[PDB]
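The residues making up each chain are set out below.
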Number of protein chains: 2
Amino acid sequence: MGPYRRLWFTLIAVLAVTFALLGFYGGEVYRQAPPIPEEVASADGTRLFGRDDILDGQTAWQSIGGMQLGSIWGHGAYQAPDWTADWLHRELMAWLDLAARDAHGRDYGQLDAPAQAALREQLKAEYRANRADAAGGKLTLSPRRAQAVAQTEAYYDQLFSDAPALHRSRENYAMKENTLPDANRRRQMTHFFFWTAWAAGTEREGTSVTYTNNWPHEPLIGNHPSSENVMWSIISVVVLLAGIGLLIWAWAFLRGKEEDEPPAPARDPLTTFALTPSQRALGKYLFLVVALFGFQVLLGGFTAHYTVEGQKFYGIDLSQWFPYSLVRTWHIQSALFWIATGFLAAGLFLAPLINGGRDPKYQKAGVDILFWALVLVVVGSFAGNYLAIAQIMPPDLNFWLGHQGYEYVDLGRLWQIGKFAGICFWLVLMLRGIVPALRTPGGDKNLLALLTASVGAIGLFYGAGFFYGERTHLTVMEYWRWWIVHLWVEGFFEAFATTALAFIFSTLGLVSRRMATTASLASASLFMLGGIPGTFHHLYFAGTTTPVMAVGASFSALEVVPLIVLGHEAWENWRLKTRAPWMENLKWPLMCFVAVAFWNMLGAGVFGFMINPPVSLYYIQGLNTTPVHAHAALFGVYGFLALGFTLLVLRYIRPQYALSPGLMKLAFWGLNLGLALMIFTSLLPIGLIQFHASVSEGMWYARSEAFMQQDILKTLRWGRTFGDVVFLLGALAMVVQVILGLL
Amino acid sequence: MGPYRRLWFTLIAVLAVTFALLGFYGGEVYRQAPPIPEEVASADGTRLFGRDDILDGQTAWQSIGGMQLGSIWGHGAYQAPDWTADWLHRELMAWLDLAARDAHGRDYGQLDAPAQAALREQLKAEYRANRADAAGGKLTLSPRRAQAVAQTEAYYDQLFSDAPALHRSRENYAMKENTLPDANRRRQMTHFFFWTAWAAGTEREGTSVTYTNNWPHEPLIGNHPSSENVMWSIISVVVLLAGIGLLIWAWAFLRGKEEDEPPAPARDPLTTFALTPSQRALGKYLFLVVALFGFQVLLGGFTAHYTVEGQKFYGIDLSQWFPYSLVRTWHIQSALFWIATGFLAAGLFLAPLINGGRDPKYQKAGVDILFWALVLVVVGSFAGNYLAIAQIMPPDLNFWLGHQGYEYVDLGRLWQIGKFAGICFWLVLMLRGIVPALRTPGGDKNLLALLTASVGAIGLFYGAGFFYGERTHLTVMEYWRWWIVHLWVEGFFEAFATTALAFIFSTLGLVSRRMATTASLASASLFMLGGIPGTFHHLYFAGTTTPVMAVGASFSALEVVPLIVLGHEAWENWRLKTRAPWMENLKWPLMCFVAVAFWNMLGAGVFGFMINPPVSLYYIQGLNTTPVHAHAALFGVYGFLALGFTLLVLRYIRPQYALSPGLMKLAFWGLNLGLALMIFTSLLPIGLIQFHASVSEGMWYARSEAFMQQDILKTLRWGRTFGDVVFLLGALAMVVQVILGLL
Ligand code: HEM
Ligand code: HEM
Ligand code: HEM
Ligand code: HEM
Ligand SMILES: [Ca+2]
Ligand SMILES: [Ca+2]
Ligand SMILES: [Fe+3]
Ligand SMILES: [Fe+3]
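The rules we used
- Residues numbered from 1 in each chain as written, not as in the entry; some residues may be left out.
- Chains lettered and ligands numbered in written order.
- Heavy atoms only, no water.
- Residues with missing side-chain atoms left out of burial classes, pairs and counts.
- Near = heavy atom within 4 Å.
- Polar contact = N/O pair within 3.5 Å; in protein donor to acceptor, adjacent residues only side chain to side chain.
- Helix = DSSP H or I, 4+ residues; strand = E, 2+ residues; numbered from the N terminus.
- Nonpolar A, V, L, I, M, F, W, Y, C, P; charged D, E, K, R; others polar.
- Domains from an automatic or database assignment.
- Contact = heavy atoms within 4.5 Å.
- Buried area = accessible area lost by both parts, 1.4 Å probe.
- Donors = N, O, S within 2.8 Å, 3.2 Å for Na, K, Ca; no water.
- Core = buried A, V, L, I, M, F, W, Y, C linked by side-chain atoms within 4.5 Å.
- Buried < 20%, exposed > 50% of the residue type's maximum accessible area, 1.4 Å probe, protein only.
- Least-squares fit on C-alpha atoms.
- Tetrahedral: all angles 85-135°; square planar, octahedral: opposite > 155°, others 65-115°.

What the entry reports as its method is cryo-EM, with 3.3 Å given for the resolution.

This is the structure in structure tokens:
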């Protein structure tokens, strides 16, 4: 439509190509998944567990916290070990002991190296084979492997059962003391752990890669990164460099240098409109954003104390009421809640201002219903997490209200349905402001159609957090989980907070509908080419095949290439301040939108491609260079956009309040300096020492308590505090600034 | 000096820091070199070879062609196998056979896998130990290893001695039939090969890395990329991305947008000066450049026929007179000669024009003496290579006049002394034109001091091609060799062909001494920060330690970072064409300087960092992704700069000759399209298949004749021709254009 027939058709073609690339390979993720075996049995014929016990153990694992206690297939928390690697290493060492007993009379560690090599070559014939019975439903594992599985079952039966022998192992893993009051639930959760470490051990039918693409790096069964893994890794590095260079070449040559130089108006154009009640009802939203932000930084500082200290916290223990999984669940979920609530507040700010300057019918009541629905969803979700991790809750009603166990979707399915209904109600309150400004027979729907499609994308695509039930397959709950963590949080918050920012900078008269639409459709098609099928860089090592990794390496090297080139759209945007005299009221939001760009190249670009290619992520998935990228990209991009929109909507609803520079200097350069201080001095060197240990000895070694208490990694995570107090001072100054602004 | 006290002191500090980094680590490359053992002996006490026989075999290996027949420690040609990996694999398989004989009565391939693992764990106790006797001079290797060495000695005694059993192995390796008419020289060259495959096999004193940093990827002795290898590789990738992004951030913000917009003069300022004899004597130089260029493309097409076909060439064989090593020696050396001669011609063009418009005293005679000295050096070097590879030369006088054996320095030491004396005579003829324009008491020495330092650097730094004699240590001949291939060819042709280009574009009045000096000292200090201590990415896997690799990964990620950002200085140096109406006479040089930039990001940036980091180069050093980078970076950067400086000096010595567009379109878009066609369709897919085979089975497997005749790699190098005829038509059109211009 309009004079944008090239850019709009490019955007639609990119959307269709990348969504066909998601659908055709999601069918494969669905059909090339590792089979949950119907009846596991020993070779003699005794009846071991089945797929019903494996899925009941999966539900029991979801009850204890799930991916907030430790990792499964690399995806989880990072204090407790990854259970599919720790179970694998303990089962392999039990098999090596039971193979050295009836062959040499000793253990594995007492034998000489030509005997240990002959035993490991016996390991790589039983574990890298003996898969399912080809739709026969049986497994039929060896009696030595049966005794090894039943021998390592006792370790996790004593680990989650308050045994005093495995005390000082639960303090190094930050687990609470009891952690499972039932005895059948542990006995089934070890069956679930065996299934996750059996899918990670046995090859496929016809290939030399396992079901998790050779993942948990184990030299005992010979788990090394495969051939096409390294091929697509070096192809992705070539694609990254020839993407950055060809993008700079095509920008410098194929550009239209018009230099129209549009003049800025002499008055702030959003102050000519009136203070309607739907604008004034956003003080509760801007209070909830910084309240959840202060709560989130406090819970982040509280879940970092279980890493340094044990489970005591300077006296009597509160780990029986607030364990590490609960405060980490809250520290993740309230982060997602305030980041979504800041963008919802910015949308509800822009929604009456699109439709002239007036509200639609029944708008303030809808804004109030939406605010109290969001507060009810937060409070009910946190009460459900507390009731599910403390096990004061029935396991029949654990998934619906309680804890889902998977990170970034930890809130229960009833509260997830409530959050999706609140997001659809915000979609209704957005379209009721946009559609009466598009139903008029005019020619004003140039950028507003892109904003309408972006609002529909951020509103409707939380429904992909369904299509996985309570006891369904784990690979399907790691394909539809990243549809709403990579495609919606990363992909459709960027596509909303850039086009709404372009609409704001266009309505102020600073950009003039040609750098607000051609530079906002090209900046929404460079990202949907590498962001929509880049979802597969989370599905490398979880039940998928080699072409999923092939798509997710190449089409995620192509989303770093418009992020490294962010000198433009960081100086372009920065200049806008030096274009009008009334822009000094918007100095501090326009500074955050500069820092948004900086942590969009350092957080998502440099540290996003450090862990991206499939031979680098192999030794990294589950280590401490993932919270580097997570803290630098979720707070540095979407946690400064939501604090830029908060201070922009603090203006034009409290227009007589100056932002008081001297406090906002602390609130900006405490957050930025603390984020750069707690990442570059504590998280990244720990992650690099873990990376050296994970490439040296194995994935089990980087997560084990013999390595995470190495007395150099004790002081290096004790050194979180010298960046953490700085981050807490910056976040506290931002909170006090917004509260003093709201009254 | 002048108003450039910041940039000049930055350049001097970068020079001093990177040259201290070269000196302090070159001392370590001198002292941490692998020892040539004084007396190799078996365990019983029989006297095997010594270091004198090893160095005489090194001289014998230099006599046959050296690094133009096959590789040693990764550095060499790519048709014949790498001899330190092929000797290593044959010695290991001979040891495995002689260890399976007296233990099971069978061979290695007939045993089951728990016996083969127990034999390989016996391999990694004798080969990864038993180094030198700690300044005792002895080696004292096992009698099983002695029989393995004497058993694999017969294979290379039959390989280089026209044996009919190893015929069709010499046609797959492109070696000529006889290749060594002596019998003691082969018997010592196998001792040299044993030393190169013994240094690459045994660990150091105290560490788990071998003397060549674990290099030839062999799962038998467990040669894998080490821990700090992978650590400094991922640190180099982070340094690359945070160099590109921070460079774009510091360019977009810390820039002075003055927009002075200097006007171009109405007449071409290099035509106001007169045609002196020192300008008119450059027709011989511009004839020699394109004569050696046509000869070089013909010899490249002739050394690519020994890869596809055997040693016959469509009838009776000329491999006895022109083998693969001789035509490859010529194809490399005449490439270096015409690339240096084009820059010498551009310097001799600029040298009288700096000193007003007049020649100094005795200038045309000096130009004629220099031209005939260069022609004598080319003819004497090629006759020496022909007499040394055919063995119609005494071995006492082989290194001085003959073949040095090391690639890019293949011409003999007498001819190398003659080439260095010609380069110093060109230094004299340059300074005789520059210094009388600097001895005047004025204020014109702004850019000319940088040009003087650059001309002194390109003149004096060929003397680092000395400091290695005839029989000196191979690691020292791989540290002082790359002082004049990486630091002088790559580092001081770029620092000469950019500052002379800035001087030319400043003399025309197109840039105005502020984009010709601030953009030429910043473009000469971004490159000397990653170019001067980046020399160590050629010294990873040749006798060096881990900190040499640590310097060469980090300080060579920092030389890709000003090469990927080449949209600027490719559009800045093309905008000019539209600046003046008389610029249409310089359309085709200014188009070549555009393509210079393009292959400076695709040839040196994308394909230069594809093979750069020490875990990627480990599986690549010696494969067919090195001629990708070599053909794209030596011709695409320094072979289009020397053809831009040829067609620029074709003007202003033949000013009445229009460059005839229609033929120059063929000469440009045949060279560019053939270089992009013979790289992306034949060399890079062969290199990627070899990379997959080198990460799968080993370094011996990627080079062996069982893999290079795999019938998919036969047609894929047979498909060189469909880009080769296009490159030949482009080079032929350039040759005919310059010859028709010169008369
Ligand atoms: C002083 C401030 C903070 C501290 C001390 C802190 C600390 C932590 C800790 C200890 C973890 C768990 C690491 C593990 O699993 O072992 C974590 C995870 C996480 N934090 Fe924070 N945090 C802080 C601020 C923030 C902020 C502002 C955000 C903004 C969105 C955030 C988002 C996250 C996320 C997404 C994770 C999950 C990472 C993952 O699971 O891989 N954090 N943080
Ligand atoms: C722009 C905003 C971005 C945000 C907010 C973001 C957020 C996150 C978070 C929170 C995680 C942690 C997942 C977990 O805890 O299991 C993650 C993982 C990951 N991110 Fe990003 N990301 C962003 C951009 C990128 C980009 C551009 C890349 C490009 C390659 C990338 C590469 C990765 C990879 C490979 C992982 C997998 C690590 C793992 O699963 O352990 N990210 N991302
Ligand atoms: C039709 C044109 C050409 C053809 C067919 C060709 C072919 C070849 C061949 C077959 C090799 C040997 C590969 C091996 O060692 O196995 C080679 C090496 C080389 N060629 Fe060319 N070439 C051509 C043009 C050029 C040009 C114009 C240059 C400009 C400087 C050049 C520079 C080199 C260099 C430096 C090497 C050595 C690479 C190394 O040793 O790693 N070639 N070329
Ligand atoms: C700009 C002009 C450049 C030229 C003319 C050039 C030339 C060459 C040549 C001819 C070789 C072959 C060496 C041999 O035959 O043994 C080589 C090797 C290599 N180049 Fe470059 N290069 C350039 C830039 C770069 C850059 C910027 C990098 C940055 C990382 C780089 C990385 C490498 C590496 C790692 C090797 C080692 C491959 C091996 O030794 O087998 N090159 N270069
Ligand atoms: Ca995580
Ligand atoms: Ca070479
Ligand atoms: Fe992602
Ligand atoms: Fe180099």
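Okay, back to it.
Right, let's get into the site of ligand 1. Residues and elements named next belong to chain A. Taken together, 25 residues form the shell around ligand 1, and within it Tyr78, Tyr324, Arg328, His331 and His631 come nearest. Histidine 331 is positioned with one of its side-chain polar atoms (N or O) 2.5 Å from a nitrogen atom of ligand 1. At a separation of 2.6 Å, a nitrogen atom of ligand 1 approaches a polar side-chain atom of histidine 631. Elements represented by at least two residues in the shell around ligand 1 include exactly α9 (283-303), α11 (324-354), α23 (626-635) and α30 (721-741). In terms of residues, the shell around ligand 1 owes the most to one element, α11, which gives six residues. Classifying every residue of the shell around ligand 1 by side-chain character gives 13 nonpolar, eight polar and four charged.

This part takes up the site of ligand 2. Residue and element names in this part refer to chain A. Near ligand 2 there are 25 residues, and of these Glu407, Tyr408, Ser556, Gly608 and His629 occur at the shortest range. Listed by contribution, the elements that provide at least two residues to the shell around ligand 2 are α22 (587-609) and α23. In terms of residues, the shell around ligand 2 owes the most to one element, α23, which gives five residues.

Once that is clear, we can look at the domain arrangement of chain A. Residue and element names in this part refer to chain A. What the domain assignment reports for chain A is domain 1 (1-33 + 225-743) and domain 2 (34-224). The distance between the C-alpha centroids of domain 1 and domain 2 comes to 36 Å. Listed as interface residues are 69 residues of domain 1 and, on the opposing side, 61 residues of domain 2. A buried area of about 5,200 Å², summed over both sides, lies between domain 1 and domain 2, and 50% of it is on carbon and sulfur atoms.

This part covers the coordination of the iron atom of ligand 4. Residues and elements named next belong to chain B. Counting protein donors around the iron atom of ligand 4 gives one, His629 (NE2), at 1.9 Å. Between the two metal centres, the iron atom of ligand 4 and the iron ion (ligand 8), the spacing is 4.1 Å. Along the chain, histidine 629 falls in helix α23 (residues 626-634).

Burial of nonpolar side chains together is a common tendency in soluble globular proteins. Core analysis: the biggest nonpolar cluster contains 511 residues, and A:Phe160 and B:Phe160 have the highest contact counts within it. Excluding residues within four positions of it along the chain, B:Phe160 makes contact with B:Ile64, B:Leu69, B:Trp83, B:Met175, B:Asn178, B:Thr179, B:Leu180, B:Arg186, B:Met189 and B:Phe193.

Attention now goes to the relation of the copies chain B and chain A. Each of the two chain copies can be generated from the other by rotation about an axis followed by a shift along it. With an RMSD of 0.1 Å, the fit of chain B onto chain A corresponds to turning through 180 degrees and sliding 0.0 Å along the axis. In short, the pair behaves as if placed about a two-fold rotation axis. Comparing contact sets, 100% of the residues at the interface of chain B also lie at the interface in chain A, consistent with an isologous, same-surface contact.

On the side of chain A, 49 residues touch chain B, which itself brings 48 residues to the contact. Carbon and sulfur atoms make up 85% of the surface buried where chain B meets chain A, a total of about 4,200 Å² over both sides. Linking chain B with chain A are zero residue pairs in polar contact. Ranked by residue count, the leading element in the side of chain B that touches chain A is helix α7 (residues 227-253) of chain B, at 16 residues. Here the side of chain B that touches chain A is composed, by residue class, of 36 nonpolar, nine polar and three charged.

With that settled, the discussion passes to the coordination of the iron atom of ligand 3. Residue and element names in this part refer to chain B. Around the iron atom of ligand 3, the donor atoms from the protein are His331 (NE2) and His631 (NE2), and they sit 1.9 to 2.0 Å away. Taken together, the six donor atoms coordinating the iron atom of ligand 3 span angles of 79 to 176 degrees at the metal, a pattern that classifies the geometry as octahedral. You can see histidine 331 sitting in helix α11 (residues 324-354) and its partner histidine 631 sitting in helix α23, a full 300 residues away along the chain. Assessed through its relative accessible area of 15%, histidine 331 is described here as buried. You can call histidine 631 partly exposed: its relative accessible area is 23%.

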